[PDB]
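Undergrad: One structure coming up, written as structure tokens, with questions to follow.
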Amino acid sequence: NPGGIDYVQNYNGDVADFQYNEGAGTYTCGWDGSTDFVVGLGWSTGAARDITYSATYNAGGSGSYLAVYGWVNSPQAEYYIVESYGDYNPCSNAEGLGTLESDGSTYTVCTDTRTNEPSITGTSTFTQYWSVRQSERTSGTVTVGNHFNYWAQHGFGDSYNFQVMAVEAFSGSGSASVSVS
């Protein structure tokens with residue numbers, strides 16, 4: 001599959017009309033609701049790989065991200081590299097970790113703790129790492145290593161779980177069509 005894609009991310013995809021094609025490295029979704037979902041395509045084992053995407057992403061008025069999304073097992077962490085988003089900047093009420101430069105833009109970097117929250121191990125305590133692109137875009141390449149390298153200076157581990165190019169929303173409405181490699 002494109003870029004060795006071998007994984008379909010499907011959390012609550014049933015509220016997001018989530019449809020995919022692993023062989024083509026494509027997916028679509030469309031939403032209008034107040035339930036959280038995270039859907040997309042990628043790799044069952046994460047790495048500091050370059051992720052190329054091309055999207056149409058329409059999330060005006062929506063609490064939504066277009067993002068590289070994944071987890072690390074130990075210390076347990078959930079991470080996002082946000083390329084475009086809707087109404088809600090996730091670094092607004094988080095702890096600031098400065099900025100970094102990657103793939104043509106500055107990213108705002110931040111972190112927060114989720115205590116005893118739904119996670120990949122059921123219910124657990126984990127750290128979120130966010131890089132939020134200052135100049136939003138819908139196509140390009142994410143040099144994931146740049147983000148990993150920076151977050152690792154602030155406690156981020158390297159035992160990668162899954163890693164995908166994702167669309168998440170939790171409020172409002174939108175549509176997306178994404179190609180990944």
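Every chain in the structure tokens takes a letter, A first, then B, and so on in the order presented; its residues are numbered from 1, and the ligands are numbered from 1 following the presented order.
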For residue 154 in chain A, please output as a list in words all residues within 10 Å (counting only C-alpha atoms; exclusion window: fewer than 2 positions along the same chain).

TA: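 Here the answer would be residues 97, 110, 111, 129, 148, 149, 150, 151, 152, 156 and 157 of chain A.
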
Undergrad: For residue 48 in chain A, find every residue with an atom within 10 Å (counting only C-alpha atoms), except residues of its own chain fewer than 3 positions away, and show them as an MDAnalysis selection string.

TA: chainID A and resid 51 142:149 158 160

Undergrad: Keeping only N, CA and C atoms, write those residues as a PDB file, in the first residue's frame.

TA:
```pdb
ATOM      1  N   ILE A  51       5.401  11.674   6.534  1.00  0.00           N
ATOM      2  CA  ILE A  51       4.033  11.357   6.128  1.00  0.00           C
ATOM      3  C   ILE A  51       3.559  12.406   5.147  1.00  0.00           C
ATOM      4  N   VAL A 142       4.746  15.825   6.417  1.00  0.00           N
ATOM      5  CA  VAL A 142       5.055  16.065   7.838  1.00  0.00           C
ATOM      6  C   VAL A 142       6.308  15.276   8.168  1.00  0.00           C
ATOM      7  N   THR A 143       7.384  15.978   8.535  1.00  0.00           N
ATOM      8  CA  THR A 143       8.607  15.305   8.946  1.00  0.00           C
ATOM      9  C   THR A 143       8.439  14.986  10.443  1.00  0.00           C
ATOM     10  N   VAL A 144       7.904  13.810  10.720  1.00  0.00           N
ATOM     11  CA  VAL A 144       7.504  13.443  12.075  1.00  0.00           C
ATOM     12  C   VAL A 144       8.690  13.500  13.066  1.00  0.00           C
ATOM     13  N   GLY A 145       9.850  12.993  12.642  1.00  0.00           N
ATOM     14  CA  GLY A 145      11.103  13.125  13.420  1.00  0.00           C
ATOM     15  C   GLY A 145      11.384  14.491  14.026  1.00  0.00           C
ATOM     16  N   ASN A 146      11.085  15.569  13.295  1.00  0.00           N
ATOM     17  CA  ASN A 146      11.276  16.935  13.842  1.00  0.00           C
ATOM     18  C   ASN A 146      10.448  17.162  15.110  1.00  0.00           C
ATOM     19  N   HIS A 147       9.218  16.646  15.084  1.00  0.00           N
ATOM     20  CA  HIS A 147       8.287  16.756  16.191  1.00  0.00           C
ATOM     21  C   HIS A 147       8.694  15.850  17.346  1.00  0.00           C
ATOM     22  N   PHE A 148       8.966  14.581  17.024  1.00  0.00           N
ATOM     23  CA  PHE A 148       9.441  13.607  18.001  1.00  0.00           C
ATOM     24  C   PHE A 148      10.692  14.149  18.712  1.00  0.00           C
ATOM     25  N   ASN A 149      11.657  14.637  17.932  1.00  0.00           N
ATOM     26  CA  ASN A 149      12.922  15.164  18.495  1.00  0.00           C
ATOM     27  C   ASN A 149      12.676  16.272  19.530  1.00  0.00           C
ATOM     28  N   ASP A 158       9.768   6.677  23.063  1.00  0.00           N
ATOM     29  CA  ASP A 158       9.934   6.167  21.697  1.00  0.00           C
ATOM     30  C   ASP A 158       9.388   4.753  21.451  1.00  0.00           C
ATOM     31  N   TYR A 160       6.708   3.349  20.125  1.00  0.00           N
ATOM     32  CA  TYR A 160       5.546   3.724  19.306  1.00  0.00           C
ATOM     33  C   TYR A 160       4.483   2.644  19.194  1.00  0.00           C
TER      34      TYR A 160
END
```

Undergrad: List as a PyMOL selection string the protein and nucleic acid residues near range 84-96 of chain A, meaning an atom at most 7 Å away when only C-alpha atoms are counted, but skip any in the same chain fewer than 5 places from it.

TA: chain A and resi 59-66+109-112+136-138

Undergrad: Can you tell me, as a list in words, which residues in chain A count as alpha helix (DSSP H) by DSSP?

TA: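 DSSP on the backbone gives alpha helix (DSSP H) at residues 144, 145, 146, 147, 148, 149, 150 and 151 of chain A.
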
Undergrad: Separation of CA of residue 2 in chain A and CA of residue 163 in chain A, in Å?

TA: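 If I compute the distance from CA of residue 2 in chain A to CA of residue 163 in chain A, I get 14.6 Å.
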
Undergrad: Quick one: residues within 10 Å of residue 21 in chain A, only C-alpha atoms, excluding same-chain residues fewer than 3 positions away - as a list in words?

TA: residues 1, 8, 24, 25, 26, 27, 28, 41 and 179 of chain A

Undergrad: Hey, can you spit out that residue selection with C-alpha atoms as a tab-separated table (two decimals), in the first residue's frame?

TA:
```tsv
chain	number	residue	atom	x	y	z
A	1	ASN	CA	0.00	0.00	0.00
A	8	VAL	CA	-7.11	1.68	9.56
A	24	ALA	CA	-5.11	3.58	-2.78
A	25	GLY	CA	-4.21	5.19	0.61
A	26	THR	CA	-7.47	7.13	0.58
A	27	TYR	CA	-10.41	7.89	2.84
A	28	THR	CA	-13.43	10.14	3.25
A	41	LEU	CA	-5.07	5.50	7.67
A	179	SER	CA	-4.90	10.74	0.46
```

Undergrad: Give the strand (DSSP E or B) residues of chain A, as DSSP finds them on the backbone, and put them as JSON, numbers by chain.

TA: {"A": [7, 8, 9, 10, 11, 19, 20, 21, 26, 27, 28, 29, 30, 31, 32, 37, 38, 39, 40, 41, 42, 43, 50, 51, 52, 53, 54, 55, 56, 57, 58, 63, 64, 65, 66, 67, 68, 69, 70, 71, 72, 77, 78, 79, 80, 81, 82, 83, 84, 85, 95, 96, 97, 98, 99, 100, 101, 102, 105, 106, 107, 108, 109, 110, 111, 112, 113, 114, 115, 116, 117, 118, 119, 122, 123, 124, 125, 126, 127, 128, 129, 130, 131, 132, 133, 139, 140, 141, 142, 143, 160, 161, 162, 163, 164, 165, 166, 167, 168, 169, 170, 171, 173, 174, 175, 176, 177, 178, 179, 180]}

Undergrad: I'd like to know which of A:5, A:40, A:134, A:166 is closest to residue 105 in chain A, using only C-alpha atoms.

TA: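 So, comparing all the options, the nearest one is A:134.
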
Undergrad: By how many Å are CA of residue 17 in chain A and CA of residue 70 in chain A apart?

TA: 21.3 Å
